[PDB]
Amino acid sequence: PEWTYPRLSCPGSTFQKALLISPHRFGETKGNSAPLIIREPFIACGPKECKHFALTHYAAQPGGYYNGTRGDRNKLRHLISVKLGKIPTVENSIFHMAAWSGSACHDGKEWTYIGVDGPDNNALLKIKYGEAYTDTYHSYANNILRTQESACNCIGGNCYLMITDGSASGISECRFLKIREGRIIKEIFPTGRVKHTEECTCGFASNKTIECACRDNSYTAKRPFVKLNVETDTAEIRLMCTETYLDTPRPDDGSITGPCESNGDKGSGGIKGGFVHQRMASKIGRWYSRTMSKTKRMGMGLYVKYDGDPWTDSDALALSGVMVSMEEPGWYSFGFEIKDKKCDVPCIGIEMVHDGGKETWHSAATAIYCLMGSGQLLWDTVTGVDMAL
Amino acid sequence: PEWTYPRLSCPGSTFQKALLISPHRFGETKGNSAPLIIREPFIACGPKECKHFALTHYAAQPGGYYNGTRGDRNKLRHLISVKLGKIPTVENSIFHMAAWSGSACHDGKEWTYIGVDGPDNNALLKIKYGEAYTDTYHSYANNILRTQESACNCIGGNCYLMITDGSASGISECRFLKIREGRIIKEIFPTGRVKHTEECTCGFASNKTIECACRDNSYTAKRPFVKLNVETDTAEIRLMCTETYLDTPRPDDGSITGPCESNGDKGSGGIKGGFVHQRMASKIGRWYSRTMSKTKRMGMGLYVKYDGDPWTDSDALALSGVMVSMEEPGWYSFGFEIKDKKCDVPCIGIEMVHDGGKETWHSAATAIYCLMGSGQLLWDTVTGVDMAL
Amino acid sequence: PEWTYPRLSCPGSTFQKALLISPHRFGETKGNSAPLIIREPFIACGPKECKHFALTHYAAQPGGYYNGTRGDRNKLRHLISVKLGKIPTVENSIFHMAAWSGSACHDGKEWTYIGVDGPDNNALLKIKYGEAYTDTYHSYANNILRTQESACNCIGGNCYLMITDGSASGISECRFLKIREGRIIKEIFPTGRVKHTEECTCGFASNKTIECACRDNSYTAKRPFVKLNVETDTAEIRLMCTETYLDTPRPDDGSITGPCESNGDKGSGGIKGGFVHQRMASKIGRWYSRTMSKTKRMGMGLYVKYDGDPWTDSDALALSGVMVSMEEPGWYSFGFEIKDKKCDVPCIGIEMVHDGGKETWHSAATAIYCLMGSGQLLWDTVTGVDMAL
Amino acid sequence: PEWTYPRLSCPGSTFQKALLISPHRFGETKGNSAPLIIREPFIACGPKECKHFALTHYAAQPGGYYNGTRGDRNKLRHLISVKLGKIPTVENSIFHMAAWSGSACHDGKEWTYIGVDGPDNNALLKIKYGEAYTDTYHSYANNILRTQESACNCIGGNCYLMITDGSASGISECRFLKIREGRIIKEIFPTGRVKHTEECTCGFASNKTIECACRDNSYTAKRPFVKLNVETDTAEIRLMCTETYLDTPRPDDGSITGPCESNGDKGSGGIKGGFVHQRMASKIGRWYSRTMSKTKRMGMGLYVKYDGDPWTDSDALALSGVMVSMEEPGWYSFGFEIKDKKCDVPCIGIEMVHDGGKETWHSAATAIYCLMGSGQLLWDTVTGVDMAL
């Protein structure tokens, strides 16, 4: 089989609600099912199949191991998948590797799986190519080495991946790894605005360029925006100039005074953001998602911009529709691409966390919206879970 | 692999009881299983395999989410399948897409999946070709856009599908979509008696003609009868003339006074009806199913007519046997075709709803009868479920 | 792929304990599993794979549907399988068809499935070739038409199957059906001792002859013994002459006075018996199983005879070992053949029924012994189920 | 497909934590899962896939059959597998054969499965090639005939396996079987220090030599060390000379006075030990695991030695890291090899037994560490199970 490359996108001018995976709809005390407790879900597709990934706390609902499940990192957390459309339960799932931070992607021939574990002060990125554990990468700032929580991107067999290391409250200067058949064949050190880049959501703008919309957990509600040239293996990063700030928390739209590079206020904390390309013959569409609340992880709106340059564009993104209403959880979001026979379908996935605090179970549904047809986005997504059951 | 075409039917002159799928036989409080709560099941087959589809309420029995499950449309309802012969449970099932109205069919190369969701006033038909979301179609009468709840039909790669839009109590003028590799390549606007057509059950009479037996939810207990010419992509609709009225409710057989086109009385409400062709070298068999009760969704009898013209034939259909006795639920029914090595097996499927009102769970078994051998239909089907358990 | 033929058996001179499938070891009230309630298990293999068949009461343990489960025939009973080695549970199982009497076999290219249902006075044998329902056969004595409860046997694409019809207490004159790609291409009417033949266990003695060891439910504890010539499609039946009477109940060995054809006493009732061939270059081995108790369904011993003629041989069979001790249930038993790369492995399977009467659940484990190596049979099989749990 | 041969190992200089399979994390009373009760897990891989084997007590947690589950041998114990990464539950598992001692391995074309059962005084090794039961081997010392509890090793189609027979407290003189397409084509009788060899962990040092690190259950805390020449099918055994005694219990490192062959003290009892080769172009790495406690089955450290000769090397092994801390169970350990596209990944697996005595359930998690990247081993493995739940 042949290496995959980004293709022209399938025809379409709007996203529509596609699929909800709400495994805790079957988690009642009165029920008989074992959905896995998870967070940081993402989706990645090869030629034939999409897989729904997540980071489990290796516990189920109903169950006795709720405690710790609101936590980020421990020695039990694993990267798991199911084929997309299956409920990720104890039995349907496969456990790929120990991980408290993840990524995966298909290169046309095989699956690369990425999982970070280790102690906070010296963590370790591991790479699996199919069945074989294949390579590692070491902590360079000795402070919670970390990856995308979304799909890596492969072209001509060469798979690119964002990592970062550093204080979540401070300086976290990201790197990219060029990976081929599961082995690291180079490190790319971005230039430009590089002081804090987290959890990049990356995809192909063309055969020459990968672009990522990332999270600054410390200094700004603007998303750092990566442009990675895969011909030269060089990357530059600058803040998104759009007045439609995509992070949460954030201040009012347009309120960050001054030129594109201005950090502004209300920039502490953050959330991973969805971002996907629509590649047309002579026009590029960029689709983004952000929370409906400016302050809390509630709701998710979808946004679009055709052409321009996200580094210098001060104008608003166009609100394309409400995916998750203000009354429903809107947590992490991510882009991915489904492979049709002759073209690529852009989609956004949304993690809808069931959050009842540290004294209950802590897990998530995943909602999916994809480019399809014409017109306007029509319907929002609810999880339907009562956390008391 | 090659596109499929309708073939000559396998030899046979009677249907026989084939298979019951009664997932709630494993739904007891005292039990350990998770059958999905569903309705509107149907079956569709490719060359190798049949799939058993249904519209889930995304809830299981036993479970805490019974409430709403008697309802028709909500934001949780999804199109699901299992391979035919598997119990559609939480874990065996795959979730294809968000849908409160569905259809699917195989074209010889791949599966097309159809699901309608959206608000009642502006609903949306979505199309999936394998993994890829592929096209949409918009509400044209802004009143619960709707589809077959049974298999679409593909020939030479071209897959045809009935939709309708309009008041369930009033005018609902249906359309057909010609779909190819998941994309709509034309709309067909039927002529003739077109004031209310719902939930058509369609199949091939030949390589030139698709025929459908549909439901009039407002004006008549006679079934509107579609004839769609796939060479010219044109369709005409007229009422079935048979005295053996196939809808429920209905008046006594023969009691609708006057010529073929007369609407008659007791025509308010309705039920989707099974219908399948037996294609022979020089004779066509049409098999239909209708409820044993004239008024309630109880029982299911099978009926046949060889040759003639359902638009002008006033004679009775021949009662071929009792599939479901008067004492057992007989809800929706549908036709489909199993692909043998060299010929096609016609079958009727019957949805047997467990109905205990809005304050209990609301789901369904599926019974299957197929053409096989000679003689007379021998045995009826019971679900065996006690809804108190 | 090519049609299968019986081959020379793999080397070996003894059977050994191979595999127990005891699905009710996971059926506790305190447990979380759903093993299917079943009886009449058998096993059949193609080139790649063996399937473990049984007739379910469409109920699980734990569950609310125990009542009726001791019964032989009803409208819920179905033929199911799993790949051999899997626990036949609600979810692992596939439901092939409605059946209260069954058989299956692979012809090298595809699976033929056989299931009888219908009313007692007019029952119906149904045939499925892969997915397609394909043929039927009608009741000829209008009294519980019935089949093998073990594998049919295919050669050169032609699959042979024993059926019978008649009073279980009286005259039940069996027939054979020659089936090809799921269609009956002839009926064979045996000659000879034909007054009562039930539940034949059949296999290949050579490319020319199929042989069966059957049950007489009325007149004798000797097993009727079929020899079917597949070149001429003719069959003759005579009683087994061996003093080692293989039925249960039975009188003491050797106590049936007079010549081979003598019926003797203690012949009322019966049990289906295991029987398998070991085909060697210039010697034929016949392996049989019978209960350790002469009167009750307790224990199972394995027996062998090389060469001779079972119709005229008065000598004892050689006791080869105890498969199930006197203290464990020994119910139906059956032969089958596993396909190695170049040769065929003969095996006997034993149904070990959990019998606590009509007021508890009624189901069965399956024990498997196969030809393997040299020496002497070493270990017996226990089910390990406490029916109180 | 072609026979497999040992290849050059994938690049790497350290092991890292890869994967935990902790099926009892889903075994709570309050939960809905059925993990199998097991012990003696091991892993074996073919070209495409790794399988996770174990010896079940044919019981689940939660369940009613805990009693006996601390025991070594009974008539219910079976060899089971799942694909590596799946939770071995009642439904995910396949049951290969009755066994209370096991082994498996892939030869490039098919799976060989090994299982010993029988009475203690006359036990029986059985061999399965795919589906077919294929050969047996008899007890030669009439005292619990036994095998590796880890993978056999195939080269050019020829698969080698260690067995032993004899008193666990006394003389147990092991043998090797050369097996080809499931049939024993020779016995190899080792020479040298042969008085007690148990549970050898074997792999390829090269195309010419298999090496094993075994357990002496009676006379020494030094591991007997096998070198098997596959060209000549001859084997010699001597004690490991290293001061880093790999058995448990053991005395202080270096305390066994005298030359390499000295037995020393604290040698009664034992544990099976992990051992895997790293084959380089002109250097051989040997990786071993031993318990952190000198006396109890607690913790697991990983060790390495490059080149030398384990029979004559008195020097210490290099401590490479702590896989399981002193506070966590460290029971059996084993080596295996994952097949990358062009090279072989060495790994160690560790059985982490949940031991609460004979009056609770007795089962095990499996931890996996593999060669991957550079540097130092970073993280230990905990099971996370509270046996009270």
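For this structure, a couple of remarks:
We just call them A, B, C and D in the order they show up, numbering each chain from 1.
Just so we're on the same page, a residue touches a chain if its C-beta (ideal position, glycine included) is under 8 Å from a C-beta of that chain, and two chains touch if they have at least 3 such contacts.
Chain by chain, the UniProt names read as follows: A, B, C, D = Neuraminidase.
Chain copies chain A and chain C are related through a rotation whose angle, from the C-alpha fit, is 180° to the nearest 5.
Note: centroid distance chain B to chain D, computed from Cα atoms, is 56 Å. Taking each chain's centre as the mean of its C-alpha atoms, chain B lies 40 Å from chain C. Of all residues in chain D, those touching 2 or more other chains are 31-33, 91, listed in ascending order. Interchain contacts close the chains into one ring where each touches exactly two others, per the touch definition above. By the definition given earlier, chain contacts exist for A-B, A-D, B-C, C-D.
Against chain D, in their complex, chain A makes its touches with residues 31-34, 58-60, 62-65, 75-76, 78, 90-91, 93-98, 117-119, 122-124, 126-127, 129, 131-138, 181-182.
Those residues of chain D that touch chain A in the shared complex are 10, 16-22, 25-26, 28-33, 45, 48-50, 83-87, 89, 91-92, 338-341, 345, 347, 370-375, 378-382, 384, 386, 389.
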